[PDB]
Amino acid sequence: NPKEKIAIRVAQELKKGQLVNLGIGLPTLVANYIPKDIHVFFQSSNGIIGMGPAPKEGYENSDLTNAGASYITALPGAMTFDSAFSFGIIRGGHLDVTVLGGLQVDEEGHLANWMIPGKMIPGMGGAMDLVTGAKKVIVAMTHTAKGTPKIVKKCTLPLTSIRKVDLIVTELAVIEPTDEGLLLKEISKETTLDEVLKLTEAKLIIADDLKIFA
């Protein structure tokens, strides 16, 4: 449910006709909650525009997968391409939206999401390119790492890029990094402002019109 609250909230940020990339893990559930009236196109960085849901059993193709080697479908009008073309889309500003997971976001909007020193070394993959390049970056992230705040003054984990992410979404809050700090724009139903401030080590500017959602 806490990941479902996040996926639903990110899905409402998606506009008609956008090219959208979803990181593996939490962000991929965003695909489950697109409004029926909104049609978008999914890019998987291993080389497809026009990715679609997993195939029914028997309809698998060994050469068609997502960025996790898991079987997908391709929709009519899909294009597949090499990895230089894939990241020319990403790094060159033709990817409208990327939704990625997060370990920390800081009050400069800097995201850390590809390494924990000493615990996990999976490598960055394409995260650095996606964050550096996407028109809009949306971070989708449980608010606390077993209580520990993940929205912090300065990232202590290694940075994925110095670009300012455009939106944070947790089970508790919607925060838009801005020129003068992190702006809390919405608060969860089922939470209180006092609770969010306690669980946020980072400084939050509070918006005049604060809303209820995720």
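Quick note: we count residues from 1 along the sequence shown, nothing fancier.
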Looking at the deposited entry, does 143-151 or 161-169 carry the larger mean Cα B-factor?
-> 143-151
Would you determine, from the values in the PDB entry, which of 81-89 and 118-126 has the greater average C-alpha temperature factor?
-> 118-126
What's the residue among 206, 10, 19, 22 with the greatest CA temperature factor in the PDB record?
-> 206
Highest Cα B-factor in the PDB entry belongs to which of 156, 44, 62, 70?
-> 156
Entry-reported C-alpha B-factor of residue 133 relative to its chain, by third, is middle
Sort the modelled residues of this chain by their C-alpha B factor and say whether residue 76 lands in the lowest, middle or highest third.
-> lowest
Going by the entry, which third of its chain does the Cα temperature factor of residue 50 land in?
-> lowest
Relative to the other modelled residues of the same chain, rank the CA B-factor of residue 184 and answer lowest, middle or highest third.
-> highest
Relative C-alpha B-factor of residue 34, binned into the chain's lowest, middle or highest third | highest
